[PDB]
Amino acid sequence: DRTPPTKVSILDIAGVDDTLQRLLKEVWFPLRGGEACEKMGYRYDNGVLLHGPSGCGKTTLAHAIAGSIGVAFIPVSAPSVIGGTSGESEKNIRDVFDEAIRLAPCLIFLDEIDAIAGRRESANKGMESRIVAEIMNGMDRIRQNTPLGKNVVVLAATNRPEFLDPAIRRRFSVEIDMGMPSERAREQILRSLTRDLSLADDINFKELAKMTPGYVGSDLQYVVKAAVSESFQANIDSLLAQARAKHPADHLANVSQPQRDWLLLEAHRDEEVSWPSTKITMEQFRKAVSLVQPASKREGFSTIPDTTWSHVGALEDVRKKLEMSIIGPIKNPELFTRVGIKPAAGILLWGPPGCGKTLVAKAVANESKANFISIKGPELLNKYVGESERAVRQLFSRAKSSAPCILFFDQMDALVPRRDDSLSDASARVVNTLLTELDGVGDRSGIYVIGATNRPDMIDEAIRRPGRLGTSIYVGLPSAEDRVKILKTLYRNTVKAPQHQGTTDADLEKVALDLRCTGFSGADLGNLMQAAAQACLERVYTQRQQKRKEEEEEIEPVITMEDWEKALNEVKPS
Amino acid sequence: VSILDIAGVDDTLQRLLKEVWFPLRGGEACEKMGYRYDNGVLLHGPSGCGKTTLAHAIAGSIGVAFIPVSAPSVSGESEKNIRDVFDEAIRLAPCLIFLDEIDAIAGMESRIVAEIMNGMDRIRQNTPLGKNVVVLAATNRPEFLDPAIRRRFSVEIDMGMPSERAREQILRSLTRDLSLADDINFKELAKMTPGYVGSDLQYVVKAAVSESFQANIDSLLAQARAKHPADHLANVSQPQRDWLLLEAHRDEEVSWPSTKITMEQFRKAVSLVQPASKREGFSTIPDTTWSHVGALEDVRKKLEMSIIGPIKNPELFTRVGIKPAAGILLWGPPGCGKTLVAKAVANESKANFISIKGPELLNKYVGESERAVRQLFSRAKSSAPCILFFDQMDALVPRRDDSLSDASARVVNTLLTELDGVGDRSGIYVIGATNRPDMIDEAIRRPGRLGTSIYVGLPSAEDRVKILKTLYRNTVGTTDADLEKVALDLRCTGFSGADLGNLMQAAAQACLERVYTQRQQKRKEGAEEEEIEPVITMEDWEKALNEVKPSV
């Protein structure tokens, strides 16, 4: 078996243009330009490493390169060349390299180098170091035993380059990082995948790339399949209706509607009808967002909050400040960079206690359509010496992974004390890391930090430096008349489910002027409405088990004044 | 036909429609769409649930030629056979391909997996785009398949708890050639067979056959006993006597009665067989009533509004616009009657009740430690609606003030993700039970997840009377009125479910001490007639109550 390549050609891959260009100069040139090596009398062989996150299409890229070059290609997987009998797996590697040198020129894709060559330092078992030594000797066999006219190139891929032994890691000449696709790369991948498929003219790939911060190419491959399935859903329902009308015959049985129609589909079988030509509607792409989970979800993704600026009352000047400071750079980075405005990485919110300042950050996150990550107050402070700052640094690393990102801390007053006084030592060990991280990335990384505090005058001055959390904004408390819109939008987007109901919009205005509902914010009003609905449902459940006992129906979801009255008598501010 | 013989699988066919019927028959829709449609349907379920039956049903319903492939059906020659199958399948398109027990030959087997990969690629690239073939397979365990095959086989259909009609029809599909009487009524057997699967029904029918023919066997035994005079021939023991009687006779054959298995024998076999596919299965709806649980009227109402209301009227909460909580949290005295509280809610909800006995899910495995948690939620979703009980909640997620143990983090994050995924409409609610609220992971107590903390109270005096009555009945005058006063003792107030049992055991200690003193005195002073008496009077309970102290 000469191991011929396949047809996974470049037309199916995109978004890796920066990396793919380097391959043109590093792997294509030696493989078929070996005649240049022979004429120059210079052995020109190389080993290329493609290290990147899992599910980035590395196998597809290798297959595409092998198919495009057209030379022999021998893929090797790490588990497939491991034998229980100690002394035969090394024979397998030797035979693979002998085949490579014999069937020259060719390309070797030794997949999952991390699973075959670990660290020799901790390799107690002789097999682990034996494999590394075998690869080391085989690389020299490659470099020497060549016909001088047709060199061979070795391609390897992994996910943890640090896990590789330093010796084997050094042998691969150029290590290429295929990071998470950017907006342009994601748009290119989405448009390339939807190549042969008929697309609706209103499909906008740009804002497709815009709502997917943390997805990966494989995640996009699942998303396109989900959207295709949703498009086929309407055609399947149309087929079901066409079967119900084409051969009604009342029914051939009395089992169930899906089974009853599937009998008709079975009965037709050979009969065929023209299939309507449907184009994937843009609504289905947005529907597919929830159908495919992101790879970077479990790692504290904290999906974009659904709360909008409606949930917060008035504060127009505050919203203008936020739009000009954070939203604007994210919305139109080109326009702001035209003026040369470096996006400030830090903003500070101070004033009343932690009533609803979190919702302010969620509003910015939703407006910017960027990932939001929060922290449960001073949860980062632990008794151990080292892990106190390790979580802080992991936060910023994850924010690097999911760009853009929103890192909103909670109650910094207990996490970054003023270190001017010669008091406490562990606290300084964390604030120093915080200053370093803030100073590190504020320009174009897209990771903006939002402060949360209620005594800004007692916070340390080094953080309030410009570029860091130096933008101080005083978020107050919404007034009574502001609560009119808040209650209306809270009730409207939640229930609104069918004159004879218990909406009573005037009751919302009456509640908004409650004398005992003073210290309430966007979160407090939402909690109050939740409590009122819970009390109303309690009343419904109580009444349903008495009047029916002495059965009419599930009587009513009607919400009366007494529900809100008991809620306000059973609510505590802050 | 195919559907008529396999009913109760409405969800299976509904999920199968647009992934199977669409490409095989209406493949030209994709050709007009210009989209290749490659998938591998992952079918999972215990043996006997009907994987082979549904496979042969789709094969007989499509009407095209089908090749029956199983695990034993096919180091290079079997690979060539699979190439022969696949190349003709793509050549003879459209066609249906199914590989039964695909797990058993996808572990030679690695070469089989490589052949399957190459075949799926060649189907992807060589299809006419208008008449394709679908690689269908069924596995008794999804975990056994290769992870690469797992990712490639991203299409799944859940064959969960078999329907009553399905169970009845598969019972009849077990009894084709069985010589049966006319008294069999398969309808009631399925209705009283909630917690069994196809293999379990096979066990049930085999036990029924064995018990039915036990009538023939002991008929022969009685005939042999009456045939041979002189009382008996073996004085050792009854079964050895039966075997000795059967040995000598041997060749003197008799007309074996043409016995037909009766429904009564099936009823007898139902009780004997109870595997439940687990330690408890899904523990079919408990019979505990709210009269069993003592008082807790406020607690009862809180459980109503928190869990029972969402279960009874799922649309009501959506109409009010409140997402139901992920479940409840229980705390207070030790685990005396928390299971009663959970079982009462399960019984009123009339849903499945699955409980985990604390530090049992965690074993020496670390890879499967989270897999067990995932599988529990998967089965609960399959058997929706269901309630899940976690007593001794401390055994899984103590306070993570110091997030050091990597396995603990892997467990807690996975458990949080799974419980958060399905808490609103899927009908699965998880019950958390422990002794102290403050020894649980903090990332659970906040709203949305298990943030509803409910305090379970100690049993009352009327409950204490019944608690004493049950245990004292198990110890066997009864003196029920005396036990009432014992339960009404002021010094006995500071007890709980565990405490009364230890109090009774200590009272037995004083009683037997008095018995020893009487035995010594009567034999020596007052011969050794071992006049043992277990009667317990007020002196014993009073002395034990004074000698026993309340717990904390």
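When we count neighbours, we look across all protein chains shown, and the Cβ atoms used for this are built from the backbone with ideal geometry, even at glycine. Read-outs throughout are calculated quantities, based only on the coordinates presented, and are distinct from any laboratory measurement.
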- Item | Within the range B:126-160, considering residues that are of a type in the set (A, V, I, L, M) and touching a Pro at 6+ places or on another chain (Cβ under 7 Å), the one farthest from B:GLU88 (Cα to Cα) | B:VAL134
- Query: Is there a residue in the range B:60-67 that is assigned to a strand (DSSP E or B), on the phi < 0 side of the Ramachandran plot and of a type in the set (A, V, I, L, M, F, W, C)?
  - Reply: yes
- Report yes if some residue within the range B:355-366 is in contact with a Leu (Cβ under 6 Å, 6 or more places away or on another chain) and either buried (at least 16 other Cβ atoms within 10 Å of the Cβ) or charged (D, E, K, R) (or both); otherwise report no. no
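The rows are residues; the columns are (1) touching a helix residue (DSSP H, G or I) at 6+ places or on another chain (Cβ under 9 Å); (2) buried (at least 19 other Cβ atoms within 10 Å of the Cβ); (3) farther than 30 Å from A:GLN259 by Cβ.
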| site | (1), (2), (3) |
| --- | --- |
| A:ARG186 | yes, yes, yes |
| A:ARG195 | yes, no, yes |
| A:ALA200 | yes, no, yes |
| A:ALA209 | yes, yes, yes |
| A:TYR222 | no, yes, yes |
| A:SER238 | no, no, no |
- Item | Pairs with Cβ under 6 Å, 6+ apart, first in the range A:54-73 and of a type in the set (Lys, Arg), second in a strand (DSSP E or B) | A:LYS58/A:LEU50; A:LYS58/A:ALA157
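What tally of residues in the range B:13-59 results from selecting those that are more than 23 Å from B:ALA71 (Cα to Cα), assigned to a helix (DSSP H, G or I) and of a type outside the set (A, V, I, L, M, F, W, C)?
Within the range B:13-59, the first condition is being more than 23 Å from B:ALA71 (Cα to Cα), and the residues that meet it are B:13-15, B:17-19, B:21-37.
With the extra rule that they be assigned to a helix (DSSP H, G or I), the set shrinks to B:13-15, B:17-19, B:21-24, B:28-33.
Those still in the list that are of a type outside the set (A, V, I, L, M, F, W, C) too: B:14-15, B:18-19, B:23, B:28, B:31-32.
Residues that pass the stated criteria total 8.
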- Task: Any chance you could count how many residues in the range B:312-334 are in contact with a strand residue (DSSP E or B) (Cβ under 9 Å, 6 or more places away or on another chain), surrounded by fewer than 20 Cβ atoms within 10 Å (Cβ to Cβ) and either more than 14 Å from chain A (Cβ to nearest Cβ) or not in a loop (DSSP other than H, G, I, E, B) (or both)?
- Result: 2
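Hey, can you tell me all the residues within the range A:511-530 that are of a type in the set (A, V, I, L, M) and more than 10 Å from chain B (Cβ to nearest Cβ)? Before you say what the answer is, go through the steps one by one.
To start, the set of residues in the range A:511-530 that are of a type in the set (A, V, I, L, M) comprises A:511-513, A:515, A:523, A:525, A:528-529.
Within the range A:511-530, A:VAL511, A:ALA512, A:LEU513, A:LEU515, A:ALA523, A:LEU525, A:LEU528 qualify.
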- Task: For the range A:73-80, indicate whether the set of residues that are surrounded by 19 or more Cβ atoms within 10 Å (Cβ to Cβ) and either in a loop (DSSP other than H, G, I, E, B) or touching a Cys at 6+ places or on another chain (Cβ under 7 Å) (or both) is non-empty.
- Result: yes
- Per-region count, the range A:193-215, residues out of contact with any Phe, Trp or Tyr (no Cβ under 8 Å at 6 or more places or on another chain) and within 14 Å of chain B (Cβ to nearest Cβ): 6
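Do we find that B:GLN505 is more than 25 Å from B:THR339 (Cα to Cα) and exposed (fewer than 15 other Cβ atoms within 10 Å of the Cβ) in this structure?
Details: more than 25 Å from B:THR339 (Cα to Cα): no; exposed (fewer than 15 other Cβ atoms within 10 Å of the Cβ): yes.
So B:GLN505 does not fit the description; no.
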- Message: Against the definition (within 10 Å of another protein chain (Cβ to nearest Cβ), surrounded by fewer than 20 Cβ atoms within 10 Å (Cβ to Cβ) and over 31 Å from the mean Cα position of the chain (by Cα)), how does A:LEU252 come out, yes or no?
- Response: yes
- Which residue pairs have Cβ atoms closer than 8 Å, lie 6 or more positions apart in sequence or on different chains, and pair a first residue in the range A:226-240 that is more than 10 Å from chain B (Cβ to nearest Cβ) with a second residue that is assigned to a helix (DSSP H, G or I)? A:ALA227/A:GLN284; A:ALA227/A:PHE285; A:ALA227/A:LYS287; A:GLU230/A:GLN284; A:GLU230/A:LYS287
- Item | Of all residues making up the range B:493-552, the number that are farther than 28 Å from B:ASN435 by Cβ and of a type in the set (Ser, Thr, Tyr) | 3
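Just a yes or no: is a residue in the range A:279-297 farther than 30 Å from A:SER198 by Cβ, more than 13 Å from chain B (Cβ to nearest Cβ) and surrounded by fewer than 15 Cβ atoms within 10 Å (Cβ to Cβ)? Steps first, please.
The first filter runs over the range A:279-297 and keeps only residues farther than 30 Å from A:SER198 by Cβ, leaving A:296-297.
Those left that are additionally more than 13 Å from chain B (Cβ to nearest Cβ): A:296.
Those still in the list that are surrounded by fewer than 15 Cβ atoms within 10 Å (Cβ to Cβ) too: none.
Within the range A:279-297, none of the residues are farther than 30 Å from A:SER198 by Cβ, more than 13 Å from chain B (Cβ to nearest Cβ) and surrounded by fewer than 15 Cβ atoms within 10 Å (Cβ to Cβ).
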- Note on the structure: Going through (1) out of contact with any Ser or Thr (no Cβ under 7 Å at 6 or more places or on another chain); (2) of a type outside the set (A, V, I, L, M); (3) more than 14 Å from chain B (Cβ to nearest Cβ) one by one, A:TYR384 fails only at (3)
- Item | Failed condition for B:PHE66, given (1) out of contact with any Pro (no Cβ under 9 Å at 6 or more places or on another chain); (2) surrounded by fewer than 16 Cβ atoms within 10 Å (Cβ to Cβ); (3) within 14 Å of chain A (Cβ to nearest Cβ) | (2)
- Where A:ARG539 falls short, out of the listed (1) within 14 Å of chain B (Cβ to nearest Cβ); (2) under 41 Å from the mean Cα position of the chain (by Cα): (2)
- Among (1) facing another protein chain (nearest Cβ under 8 Å); (2) under 17 Å from B:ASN126 (Cα atoms); (3) among the aromatic types (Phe, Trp, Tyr), where does B:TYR37 come up short? (1)
- Message: Step by step: first the residues of the range B:40-56, then only those that are closer than 19 Å to A:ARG269 by Cβ and surrounded by 22 or more Cβ atoms within 10 Å (Cβ to Cβ), then the one that is nearest to the other protein chains (Cβ to nearest Cβ). Which residue is that?
- Response: B:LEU54
- If you go through the range B:268-291, how many residues are of a type outside the set (A, V, I, L, M, F, W, C), assigned to a loop (DSSP other than H, G, I, E, B) and under 21 Å from B:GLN214 (Cβ atoms)? 2
- Pick out the one residue from B:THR493, B:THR470 that is polar (S, T, N, Q) and assigned to a loop (DSSP other than H, G, I, E, B). B:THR493
- Query: Does the range A:542-557 include one or more residues that are within 16 Å of B:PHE317 (Cβ to Cβ) and crowded, with 16+ Cβ neighbours inside 10 Å?
  - Reply: yes
- Query: Which residues, taken from the range A:257-278, are closer than 14 Å to A:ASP237 by Cβ, more than 7 Å from chain B (Cβ to nearest Cβ), surrounded by 15 or more Cβ atoms within 10 Å (Cβ to Cβ) and of a type outside the set (D, E, K, R)?
  - Reply: A:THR278
- Item | Meets criteria (within 14 Å of chain B (Cβ to nearest Cβ), part of a loop (DSSP other than H, G, I, E, B) and of a type in the set (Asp, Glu)) for A:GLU551 | yes
- Item | Search result, residues across the range A:104-138 that are within 26 Å of A:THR6 (Cβ to Cβ), assigned to a helix (DSSP H, G or I) and not small (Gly, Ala, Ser) | A:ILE113, A:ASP114, A:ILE135
- Out of the residues in the range B:428-448 that are acidic (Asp, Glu) and within 14 Å of chain A (Cβ to nearest Cβ), which is surrounded by the fewest Cβ atoms within 10 Å (Cβ to Cβ)? B:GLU442
- Note on the structure: For the range A:449-462, the count of residues that are surrounded by 21 or more Cβ atoms within 10 Å (Cβ to Cβ) and assigned to a loop (DSSP other than H, G, I, E, B) equals 1
